[PDB]
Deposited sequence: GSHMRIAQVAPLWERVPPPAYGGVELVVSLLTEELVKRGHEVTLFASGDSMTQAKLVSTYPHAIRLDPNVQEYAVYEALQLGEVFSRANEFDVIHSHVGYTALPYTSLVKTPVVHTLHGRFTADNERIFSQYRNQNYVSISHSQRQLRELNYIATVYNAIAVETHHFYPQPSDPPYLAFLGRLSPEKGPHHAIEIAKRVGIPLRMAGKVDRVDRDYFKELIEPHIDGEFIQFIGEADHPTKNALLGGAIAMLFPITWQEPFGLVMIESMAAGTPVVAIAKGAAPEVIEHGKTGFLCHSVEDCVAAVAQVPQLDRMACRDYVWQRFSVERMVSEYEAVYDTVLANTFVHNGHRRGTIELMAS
């Protein structure tokens, strides 16, 4: 019954392979349409949606090599969004802090879903716009506390679009799936697999800022066989990568906002061995769907106990707690509260 704008990042298509945010914007957008709202989606032109697509460039920016200046396109899109404020009852921003100053200039209310970590720089602008409507994606993300949080709304995935692997592959292997940043601890993953004796199949994006970290600290240990790299996985690849593993290693070293790869692994039937930072304690059910750990050697021990976990319970777990219909109903509750203020 409402007019809703969905403002998606433009890096990835609303996504073929890497890209958490645009995946969540997609599932939210399509479900809001099925529920009878009038939705406009602001994303790349290749985006697939039953909503009205407003696009400022025909291709997602990252995997296009003819485009580089991201900020040009963020400004175009912010332009197309807020020059149309009166066409919507609620504006759902997923693009982060650049949307904050526009919001004080139109009268249509705006919901900001926090998709990244709070930093020493970005706390400065968030604190300045502390009264705008925020949704966190985990309780641990909220490191400000000073902001007007409307709710925590946990992320979700389309569980049914992940094949379920009742039993891991043979020959046995461990999976790493994520961007090759020090924040995701893939250096720790090679450690863990070498220590415990089970090969590792890694996968993920390597982008500039991290190219030094890769070339120096990952590249020399991939030598095929025990450490295989694969290199950035699309949906069917990563489903088979995770489902086939006995455990997905998640040795993060940073205040992880949510960690969608954890719920994607459990949906395939594969529990997660994670370092207990950021949102991992909220997502993993220690002893049931994986193990919360505080060191590499905690992780190595957890891998030795994973065979005793029920793989089918890991999938059930994501249906209960991280399903799409829950997330969209919680966002619909946020829109109601915002609109009634």
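- No C-alpha positions are given in the record for the deposited-sequence stretches 1 to 2, 17, 345 to 361.
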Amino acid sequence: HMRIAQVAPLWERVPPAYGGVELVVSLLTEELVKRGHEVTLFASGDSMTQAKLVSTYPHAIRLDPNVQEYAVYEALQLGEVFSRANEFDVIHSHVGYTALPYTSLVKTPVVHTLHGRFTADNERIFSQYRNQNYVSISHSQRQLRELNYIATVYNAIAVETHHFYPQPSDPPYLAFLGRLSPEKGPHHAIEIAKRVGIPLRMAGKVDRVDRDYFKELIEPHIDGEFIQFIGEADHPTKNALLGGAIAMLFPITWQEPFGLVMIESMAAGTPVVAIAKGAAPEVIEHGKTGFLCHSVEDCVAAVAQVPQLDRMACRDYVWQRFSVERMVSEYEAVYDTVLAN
From here on, numbers count along this sequence of modelled residues.
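- Looking at 208 to 216 and 175 to 183 together, the entry lists the larger mean B-factor for 208 to 216, computed on C-alpha atoms.
- The stretch 139 to 147 shows the higher mean C-alpha B-factor when 139 to 147 is compared against 244 to 252 in the entry.
- You'll see in the entry that, of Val272, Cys314, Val67, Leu27, the Cα B factor peaks at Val67.
- In this PDB entry, the Cα temperature factor of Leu78 sits in the middle third of its chain's modelled residues.
- In this PDB entry, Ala158 carries a Cα temperature factor that places it within the lowest third of its chain's modelled residues.
- In this PDB entry, the Cα temperature factor of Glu225 sits in the top third of its chain's modelled residues, the highest group.
- Among the modelled residues of its chain, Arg62 has a C-alpha B-factor that falls in the lowest third according to the deposited record.
- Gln308 sits in the middle third of its chain by CA B factor, as recorded in the PDB entry.
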